[PDB]
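Presented below is the structure to which this report refers.
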Amino acid sequence: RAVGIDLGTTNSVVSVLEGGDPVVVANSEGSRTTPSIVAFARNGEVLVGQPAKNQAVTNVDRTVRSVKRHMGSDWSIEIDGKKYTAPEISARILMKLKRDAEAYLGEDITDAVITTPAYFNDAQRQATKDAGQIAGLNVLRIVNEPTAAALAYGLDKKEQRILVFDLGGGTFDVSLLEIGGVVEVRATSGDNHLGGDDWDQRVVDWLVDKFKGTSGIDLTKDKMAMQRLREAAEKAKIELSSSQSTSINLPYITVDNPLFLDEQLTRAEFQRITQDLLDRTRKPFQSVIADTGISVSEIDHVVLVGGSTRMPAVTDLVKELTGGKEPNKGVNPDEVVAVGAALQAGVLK
């Protein structure tokens, strides 16, 4: 009955409690993550999630990505007949998460705790409750992403200073939480345009150059190929969190006669063409520290949010910034906020 929702810029996820235990529900496509993308076919059927993402490029004008960046605004999109305010759009992702979590439980849902980033304001938090209501959902309370995370690791002792390093698909947030058994967010920072999607982007570029170098063909102007490259670029990034190397092989990607794309990306190479993206993490981390006036040695815990924290380079970097402190592990780092959420929704229900 108690449910929590991570309404992310690029991906959303929904968790429900069973016993005093959080479970991360799988969407109707079999994934525990649902892209935060809403789209309107040239007919009037609404596609939400992966089916929206798949067609984003061939239907650009009717596809809305990162609607979360618009929430506390008067932003709107005109689809033939009507305007949809940001809350109306978010709602659609909530409706899909709703139909999907019902399926898994067999029963029905009407109430949830929803997370929000800590820097949100009242207009924004509110826009979030609205979308909640628009989706036949009664938003119980509403907590912020860092707090949610800490809750997933149940960090309610006595006192403590917690560092939350959150690297999502499209944003990077770093917060310093302080625990008395209450949780106040003391300092914040980030880079609103720093996400894992950028790491994947560099690999797509690398692939485009290497190929051009071989065939003299520019792929950017080919949608099918490009899509194929995004997929491949992503899996490559993934194999790199484990291997020191990965092969991209894309049979008959174009012609002139078909051409095969076959290339090997070394983790080292990967790290090299992504070094600026990673470094972009120092200053904000450092800021949060200075605001608080703390030596790194006084961080009691660090919890990593974001599937792209899985990357060795980030881990290594976090280690050095934190003075060698090991981050907590246990919860999928990109299920961590939704999990904290179902937990708070539990304290209530």
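As shown in the structure tokens, the chain order sets the letters A, B, ...; within each chain, residues go from 1, and ligands are also counted from 1 in the order they appear.
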Problem set entry | Long-range neighbours of range 189-198 of chain A as a PyMOL selection string, 9 Å cut-off, only C-alpha atoms, 3 positions minimum in chain | chain A and resi 119+166-175+201-203+234+274+277-278+280-281+283-285+287-288+306-309
Selected residues written out with N, CA and C atoms, as a PDB file, in the first residue's frame:
ATOM      1  N   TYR A 119      17.027  21.665  -4.430  1.00  0.00           N
ATOM      2  CA  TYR A 119      16.932  23.114  -4.800  1.00  0.00           C
ATOM      3  C   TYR A 119      15.592  23.590  -5.341  1.00  0.00           C
ATOM      4  N   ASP A 166      25.165  12.676  -6.499  1.00  0.00           N
ATOM      5  CA  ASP A 166      24.131  12.206  -7.419  1.00  0.00           C
ATOM      6  C   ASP A 166      24.431  12.560  -8.851  1.00  0.00           C
ATOM      7  N   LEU A 167      24.788  11.564  -9.645  1.00  0.00           N
ATOM      8  CA  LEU A 167      25.060  11.816 -11.059  1.00  0.00           C
ATOM      9  C   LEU A 167      23.993  11.127 -11.913  1.00  0.00           C
ATOM     10  N   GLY A 168      22.912  11.832 -12.291  1.00  0.00           N
ATOM     11  CA  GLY A 168      21.860  11.168 -13.103  1.00  0.00           C
ATOM     12  C   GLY A 168      22.161  11.120 -14.608  1.00  0.00           C
ATOM     13  N   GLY A 169      21.170  10.794 -15.431  1.00  0.00           N
ATOM     14  CA  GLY A 169      21.399  10.768 -16.870  1.00  0.00           C
ATOM     15  C   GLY A 169      21.599  12.178 -17.428  1.00  0.00           C
ATOM     16  N   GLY A 170      20.948  13.191 -16.820  1.00  0.00           N
ATOM     17  CA  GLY A 170      21.052  14.577 -17.276  1.00  0.00           C
ATOM     18  C   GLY A 170      21.478  15.692 -16.328  1.00  0.00           C
ATOM     19  N   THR A 171      21.797  15.361 -15.079  1.00  0.00           N
ATOM     20  CA  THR A 171      22.108  16.322 -14.020  1.00  0.00           C
ATOM     21  C   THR A 171      23.103  15.803 -13.043  1.00  0.00           C
ATOM     22  N   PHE A 172      23.761  16.699 -12.353  1.00  0.00           N
ATOM     23  CA  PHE A 172      24.683  16.286 -11.315  1.00  0.00           C
ATOM     24  C   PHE A 172      24.449  17.132 -10.067  1.00  0.00           C
ATOM     25  N   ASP A 173      24.108  16.480  -8.966  1.00  0.00           N
ATOM     26  CA  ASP A 173      23.804  17.143  -7.702  1.00  0.00           C
ATOM     27  C   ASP A 173      24.716  16.593  -6.633  1.00  0.00           C
ATOM     28  N   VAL A 174      25.182  17.456  -5.744  1.00  0.00           N
ATOM     29  CA  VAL A 174      25.987  16.990  -4.617  1.00  0.00           C
ATOM     30  C   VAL A 174      25.508  17.767  -3.382  1.00  0.00           C
ATOM     31  N   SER A 175      25.074  17.072  -2.340  1.00  0.00           N
ATOM     32  CA  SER A 175      24.528  17.750  -1.153  1.00  0.00           C
ATOM     33  C   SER A 175      25.154  17.283   0.113  1.00  0.00           C
ATOM     34  N   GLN A 201      27.324  10.391 -25.118  1.00  0.00           N
ATOM     35  CA  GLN A 201      27.415  11.230 -26.280  1.00  0.00           C
ATOM     36  C   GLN A 201      28.831  11.238 -26.867  1.00  0.00           C
ATOM     37  N   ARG A 202      29.835  11.303 -25.987  1.00  0.00           N
ATOM     38  CA  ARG A 202      31.222  11.364 -26.431  1.00  0.00           C
ATOM     39  C   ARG A 202      31.570  10.112 -27.224  1.00  0.00           C
ATOM     40  N   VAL A 203      31.069   8.973 -26.746  1.00  0.00           N
ATOM     41  CA  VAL A 203      31.280   7.716 -27.437  1.00  0.00           C
ATOM     42  C   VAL A 203      30.572   7.757 -28.799  1.00  0.00           C
ATOM     43  N   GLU A 234      25.756   3.145 -25.637  1.00  0.00           N
ATOM     44  CA  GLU A 234      25.386   2.929 -24.247  1.00  0.00           C
ATOM     45  C   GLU A 234      25.936   1.636 -23.706  1.00  0.00           C
ATOM     46  N   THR A 274      36.454  11.778 -22.007  1.00  0.00           N
ATOM     47  CA  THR A 274      35.392  12.073 -21.075  1.00  0.00           C
ATOM     48  C   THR A 274      35.850  12.778 -19.810  1.00  0.00           C
ATOM     49  N   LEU A 277      34.190  15.951 -18.690  1.00  0.00           N
ATOM     50  CA  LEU A 277      32.920  15.728 -18.078  1.00  0.00           C
ATOM     51  C   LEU A 277      33.152  15.320 -16.652  1.00  0.00           C
ATOM     52  N   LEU A 278      34.126  14.460 -16.379  1.00  0.00           N
ATOM     53  CA  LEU A 278      34.305  14.025 -14.998  1.00  0.00           C
ATOM     54  C   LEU A 278      34.791  15.135 -14.068  1.00  0.00           C
ATOM     55  N   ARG A 280      34.204  18.034 -14.087  1.00  0.00           N
ATOM     56  CA  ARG A 280      33.201  19.055 -13.891  1.00  0.00           C
ATOM     57  C   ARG A 280      32.550  18.802 -12.508  1.00  0.00           C
ATOM     58  N   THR A 281      32.949  17.726 -11.881  1.00  0.00           N
ATOM     59  CA  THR A 281      32.456  17.303 -10.600  1.00  0.00           C
ATOM     60  C   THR A 281      33.219  17.822  -9.374  1.00  0.00           C
ATOM     61  N   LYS A 283      34.644  21.109  -8.587  1.00  0.00           N
ATOM     62  CA  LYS A 283      34.217  22.367  -8.054  1.00  0.00           C
ATOM     63  C   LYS A 283      32.917  22.270  -7.233  1.00  0.00           C
ATOM     64  N   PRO A 284      31.859  21.610  -7.774  1.00  0.00           N
ATOM     65  CA  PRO A 284      30.620  21.568  -6.962  1.00  0.00           C
ATOM     66  C   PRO A 284      30.831  20.814  -5.671  1.00  0.00           C
ATOM     67  N   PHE A 285      31.541  19.693  -5.741  1.00  0.00           N
ATOM     68  CA  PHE A 285      31.816  18.934  -4.541  1.00  0.00           C
ATOM     69  C   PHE A 285      32.527  19.856  -3.583  1.00  0.00           C
ATOM     70  N   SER A 287      32.633  23.019  -3.381  1.00  0.00           N
ATOM     71  CA  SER A 287      31.769  24.104  -2.939  1.00  0.00           C
ATOM     72  C   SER A 287      30.974  23.680  -1.734  1.00  0.00           C
ATOM     73  N   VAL A 288      30.213  22.610  -1.905  1.00  0.00           N
ATOM     74  CA  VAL A 288      29.401  22.080  -0.812  1.00  0.00           C
ATOM     75  C   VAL A 288      30.194  21.938   0.467  1.00  0.00           C
ATOM     76  N   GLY A 306      22.741   7.441  -8.869  1.00  0.00           N
ATOM     77  CA  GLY A 306      23.051   7.541 -10.285  1.00  0.00           C
ATOM     78  C   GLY A 306      23.684   6.276 -10.803  1.00  0.00           C
ATOM     79  N   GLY A 307      23.052   5.682 -11.810  1.00  0.00           N
ATOM     80  CA  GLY A 307      23.704   4.506 -12.430  1.00  0.00           C
ATOM     81  C   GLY A 307      25.134   4.846 -12.918  1.00  0.00           C
ATOM     82  N   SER A 308      25.385   6.089 -13.358  1.00  0.00           N
ATOM     83  CA  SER A 308      26.734   6.359 -13.854  1.00  0.00           C
ATOM     84  C   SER A 308      27.824   6.575 -12.811  1.00  0.00           C
ATOM     85  N   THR A 309      27.488   6.290 -11.575  1.00  0.00           N
ATOM     86  CA  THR A 309      28.433   6.334 -10.488  1.00  0.00           C
ATOM     87  C   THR A 309      29.171   4.991 -10.497  1.00  0.00           C
TER      88      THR A 309
END
For this session: Considering only C-alpha atoms, return as a list in words whatever protein or nucleic-acid residues lie within 12 Å of residue 218 in chain A, sequence-local ones (same chain, fewer than 4 positions apart) excluded.
Result: residues 205, 207, 208, 209, 210, 211, 212, 213, 214, 222, 223, 225, 226, 253, 254 and 255 of chain A
Seminar exercise, completed: Atom pair CA of residue 44 in chain A + CA of residue 93 in chain A, distance 16.4 Å
Problem set entry | Residues near residue 116 in chain A, cut-off 7 Å, only C-alpha atoms, skip fewer than 5 positions along chain, as a ChimeraX atom specification | /A:125,143-145
Exercise. Range 18-180 of chain A: which residues are strand (DSSP E or B) by DSSP, as a PyMOL selection string?
Worked result: chain A and resi 18+21-24+34-35+37-40+46-48+63-65+76-79+82-85+111-116+138-144+160-167+172-179
For this session: Check the smallest atom-to-atom distance from each of A:34, A:344, A:54, A:59 to residue 115 in chain A using only C-alpha atoms, then report the winner.
Result: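 Looking at the shortest contact to residue 115 in chain A, the residue is A:344.
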Which residues, written as a PDB file with C-alpha atoms, in the first residue's frame, have at least one atom at most 6 Å from residue 39 in chain A, with only C-alpha atoms counted and residues fewer than 3 positions away on the same chain left out?
ATOM      1  CA  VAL A  46       0.210   8.901 -26.065  1.00  0.00           C
ATOM      2  CA  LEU A  47       3.439   6.981 -25.778  1.00  0.00           C
ATOM      3  CA  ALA A  52       8.508   7.359 -26.569  1.00  0.00           C
ATOM      4  CA  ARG A  62       5.630  15.983 -30.644  1.00  0.00           C
ATOM      5  CA  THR A  63       8.134  14.504 -28.191  1.00  0.00           C
TER       6      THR A  63
END
Exercise. Which neighbours of range 231-233 of chain A fall inside 7 Å, counting only C-alpha atoms, when residues of the same chain fewer than 6 positions from it are skipped, and could you give them as a VMD selection string?
Worked result: chain A and resid 200 203 to 204 248
I need the residues from that last selection saved to file as an mmCIF file, in the first residue's frame (with N, CA, C and O atoms), if you can.
data_model
loop_
_atom_site.group_PDB
_atom_site.id
_atom_site.type_symbol
_atom_site.label_atom_id
_atom_site.label_comp_id
_atom_site.auth_asym_id
_atom_site.auth_seq_id
_atom_site.Cartn_x
_atom_site.Cartn_y
_atom_site.Cartn_z
ATOM 1 N N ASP A 200 27.847 8.979 -22.790
ATOM 2 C CA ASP A 200 27.387 8.239 -23.976
ATOM 3 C C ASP A 200 27.535 9.075 -25.240
ATOM 4 O O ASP A 200 27.882 8.548 -26.308
ATOM 5 N N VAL A 203 31.069 8.973 -26.746
ATOM 6 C CA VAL A 203 31.280 7.716 -27.437
ATOM 7 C C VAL A 203 30.572 7.757 -28.799
ATOM 8 O O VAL A 203 31.108 7.308 -29.782
ATOM 9 N N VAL A 204 29.385 8.327 -28.883
ATOM 10 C CA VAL A 204 28.737 8.400 -30.188
ATOM 11 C C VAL A 204 29.636 9.220 -31.125
ATOM 12 O O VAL A 204 29.876 8.824 -32.267
ATOM 13 N N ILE A 248 32.712 -2.634 -30.544
ATOM 14 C CA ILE A 248 31.497 -2.199 -31.162
ATOM 15 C C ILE A 248 31.557 -2.776 -32.568
ATOM 16 O O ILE A 248 32.513 -2.586 -33.338
#
Exercise. For residue 292 in chain A, which residue out of A:216, A:18, A:161, A:328 is the nearest one, using only C-alpha atoms?
Worked result: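 Going through A:216, A:18, A:161, A:328 one by one, the smallest distance to residue 292 in chain A is for A:161.
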Return as a compact mmCIF listing (two decimals) with N, CA, C and O atoms, in the first residue's frame the full set of residues in range 206-246 of chain A whose backbone-based DSSP assignment is alpha helix (DSSP H).
# COMPACT_ATOMS: atom_id res chain seq x y z
N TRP A 206 32.92 9.73 -30.97
CA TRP A 206 34.13 9.00 -31.24
C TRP A 206 33.85 8.00 -32.36
O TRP A 206 34.61 7.92 -33.36
N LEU A 207 32.72 7.31 -32.24
CA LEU A 207 32.31 6.37 -33.25
C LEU A 207 32.09 7.07 -34.57
O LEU A 207 32.38 6.52 -35.61
N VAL A 208 31.56 8.27 -34.54
CA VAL A 208 31.33 8.92 -35.81
C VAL A 208 32.62 9.33 -36.53
O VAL A 208 32.70 9.23 -37.75
N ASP A 209 33.64 9.71 -35.76
CA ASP A 209 34.90 10.15 -36.34
C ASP A 209 35.64 8.98 -36.88
O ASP A 209 36.06 9.00 -38.04
N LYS A 210 35.80 7.96 -36.02
CA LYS A 210 36.51 6.76 -36.41
C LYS A 210 35.95 6.16 -37.68
O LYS A 210 36.72 5.74 -38.59
N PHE A 211 34.63 6.19 -37.78
CA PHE A 211 34.00 5.68 -38.97
C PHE A 211 34.29 6.52 -40.19
O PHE A 211 34.67 6.00 -41.24
N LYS A 212 34.04 7.82 -40.06
CA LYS A 212 34.29 8.75 -41.13
C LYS A 212 35.72 8.52 -41.58
O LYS A 212 35.97 8.35 -42.76
N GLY A 213 36.65 8.43 -40.63
CA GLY A 213 38.06 8.19 -40.91
C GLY A 213 38.33 7.00 -41.82
O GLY A 213 39.26 7.02 -42.62
N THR A 214 37.50 5.98 -41.67
CA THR A 214 37.53 4.73 -42.43
C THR A 214 36.82 4.81 -43.78
O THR A 214 37.38 4.49 -44.82
N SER A 215 35.58 5.29 -43.77
CA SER A 215 34.75 5.32 -44.96
C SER A 215 34.57 6.66 -45.66
O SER A 215 34.06 6.69 -46.77
N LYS A 223 19.46 8.99 -39.66
CA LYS A 223 18.78 8.72 -38.40
C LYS A 223 18.87 7.28 -37.90
O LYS A 223 19.18 7.06 -36.72
N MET A 224 18.62 6.31 -38.78
CA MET A 224 18.69 4.90 -38.43
C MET A 224 20.06 4.53 -37.83
O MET A 224 20.14 3.93 -36.74
N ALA A 225 21.12 4.88 -38.55
CA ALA A 225 22.47 4.61 -38.10
C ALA A 225 22.70 5.25 -36.73
O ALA A 225 23.15 4.61 -35.79
N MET A 226 22.36 6.51 -36.63
CA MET A 226 22.56 7.24 -35.38
C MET A 226 21.91 6.61 -34.17
O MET A 226 22.49 6.52 -33.08
N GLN A 227 20.69 6.13 -34.37
CA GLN A 227 19.98 5.46 -33.34
C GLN A 227 20.78 4.21 -32.99
O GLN A 227 21.00 3.92 -31.81
N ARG A 228 21.20 3.48 -34.02
CA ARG A 228 21.96 2.26 -33.80
C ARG A 228 23.21 2.60 -33.00
O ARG A 228 23.59 1.87 -32.05
N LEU A 229 23.83 3.73 -33.32
CA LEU A 229 25.00 4.13 -32.56
C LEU A 229 24.74 4.48 -31.12
O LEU A 229 25.60 4.20 -30.29
N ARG A 230 23.60 5.12 -30.83
CA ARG A 230 23.30 5.46 -29.44
C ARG A 230 23.22 4.18 -28.63
O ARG A 230 23.90 4.07 -27.61
N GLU A 231 22.42 3.21 -29.09
CA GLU A 231 22.33 1.90 -28.41
C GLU A 231 23.72 1.37 -28.13
O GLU A 231 24.12 1.19 -26.98
N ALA A 232 24.49 1.19 -29.20
CA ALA A 232 25.84 0.66 -29.06
C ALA A 232 26.69 1.49 -28.10
O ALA A 232 27.40 0.96 -27.26
N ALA A 233 26.62 2.81 -28.24
CA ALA A 233 27.41 3.64 -27.36
C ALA A 233 27.04 3.36 -25.92
O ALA A 233 27.91 3.28 -25.06
N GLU A 234 25.76 3.15 -25.64
CA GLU A 234 25.39 2.93 -24.25
C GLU A 234 25.94 1.64 -23.71
O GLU A 234 26.60 1.63 -22.67
N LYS A 235 25.69 0.54 -24.42
CA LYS A 235 26.19 -0.73 -23.95
C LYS A 235 27.71 -0.65 -23.80
O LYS A 235 28.28 -1.22 -22.86
N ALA A 236 28.38 0.07 -24.69
CA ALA A 236 29.82 0.18 -24.58
C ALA A 236 30.16 0.85 -23.25
O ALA A 236 30.99 0.33 -22.49
N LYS A 237 29.50 1.98 -22.95
CA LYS A 237 29.80 2.62 -21.69
C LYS A 237 29.65 1.60 -20.58
O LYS A 237 30.49 1.53 -19.69
N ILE A 238 28.59 0.80 -20.64
CA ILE A 238 28.35 -0.21 -19.62
C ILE A 238 29.44 -1.27 -19.52
O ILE A 238 29.99 -1.45 -18.43
N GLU A 239 29.78 -1.94 -20.62
CA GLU A 239 30.85 -2.92 -20.53
C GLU A 239 32.09 -2.29 -19.91
O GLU A 239 32.91 -2.98 -19.28
For this session: Mind checking which residues fall within 10 Å of residue 321 in chain A, counting only C-alpha atoms, ignoring those fewer than 3 positions away in the same chain, and posting them as JSON, numbers by chain?
Result: {"A": [281, 282, 285, 286, 296, 315, 316, 317, 318, 324, 325]}
Write a file of the selected residues as an mmCIF file, in the first residue's frame, keeping N, CA, C and O atoms.
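Once written, result-v4.cif looks like this:
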data_model
loop_
_atom_site.group_PDB
_atom_site.id
_atom_site.type_symbol
_atom_site.label_atom_id
_atom_site.label_comp_id
_atom_site.auth_asym_id
_atom_site.auth_seq_id
_atom_site.Cartn_x
_atom_site.Cartn_y
_atom_site.Cartn_z
ATOM 1 N N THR A 281 32.949 17.726 -11.881
ATOM 2 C CA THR A 281 32.456 17.303 -10.600
ATOM 3 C C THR A 281 33.219 17.822 -9.374
ATOM 4 O O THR A 281 32.731 17.765 -8.251
ATOM 5 N N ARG A 282 34.425 18.320 -9.588
ATOM 6 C CA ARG A 282 35.262 18.785 -8.504
ATOM 7 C C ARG A 282 34.755 20.032 -7.809
ATOM 8 O O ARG A 282 34.539 20.040 -6.586
ATOM 9 N N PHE A 285 31.541 19.693 -5.741
ATOM 10 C CA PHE A 285 31.816 18.934 -4.541
ATOM 11 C C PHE A 285 32.527 19.856 -3.583
ATOM 12 O O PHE A 285 32.154 19.965 -2.423
ATOM 13 N N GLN A 286 33.559 20.518 -4.080
ATOM 14 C CA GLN A 286 34.372 21.362 -3.246
ATOM 15 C C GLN A 286 33.590 22.491 -2.626
ATOM 16 O O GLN A 286 33.856 22.879 -1.500
ATOM 17 N N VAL A 296 37.131 17.184 4.874
ATOM 18 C CA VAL A 296 36.614 15.946 4.287
ATOM 19 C C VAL A 296 36.630 14.785 5.285
ATOM 20 O O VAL A 296 35.764 13.915 5.245
ATOM 21 N N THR A 315 34.227 6.473 -9.238
ATOM 22 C CA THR A 315 34.553 5.892 -7.982
ATOM 23 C C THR A 315 35.910 6.363 -7.554
ATOM 24 O O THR A 315 36.070 6.866 -6.455
ATOM 25 N N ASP A 316 36.879 6.267 -8.442
ATOM 26 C CA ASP A 316 38.216 6.689 -8.077
ATOM 27 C C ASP A 316 38.243 8.130 -7.652
ATOM 28 O O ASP A 316 38.892 8.477 -6.659
ATOM 29 N N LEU A 317 37.517 8.970 -8.389
ATOM 30 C CA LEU A 317 37.507 10.360 -8.094
ATOM 31 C C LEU A 317 36.856 10.610 -6.766
ATOM 32 O O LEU A 317 37.354 11.410 -5.965
ATOM 33 N N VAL A 318 35.732 9.947 -6.520
ATOM 34 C CA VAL A 318 35.053 10.167 -5.266
ATOM 35 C C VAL A 318 35.969 9.774 -4.128
ATOM 36 O O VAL A 318 36.040 10.482 -3.119
ATOM 37 N N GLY A 324 39.514 9.041 0.808
ATOM 38 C CA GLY A 324 39.608 7.586 0.865
ATOM 39 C C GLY A 324 38.401 6.859 1.438
ATOM 40 O O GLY A 324 38.412 5.643 1.523
ATOM 41 N N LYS A 325 37.364 7.601 1.827
ATOM 42 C CA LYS A 325 36.138 7.053 2.412
ATOM 43 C C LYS A 325 35.378 6.159 1.444
ATOM 44 O O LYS A 325 35.119 6.562 0.328
#
Problem set entry | Using only C-alpha atoms: which of A:92, A:303, A:221, A:199 has the shortest distance to residue 276 in chain A | A:199
Seminar exercise, completed: A straight line from CA of residue 129 in chain A to CA of residue 67 in chain A spans 14.9 Å
Exercise. If you count only C-alpha atoms, which residues fall within 12 Å of residue 333 in chain A, apart from same-chain ones fewer than 3 positions away, as an MDAnalysis selection string?
Worked result: chainID A and resid 13 33 148:150 152:153 164:168 302:311 327:330 336:340
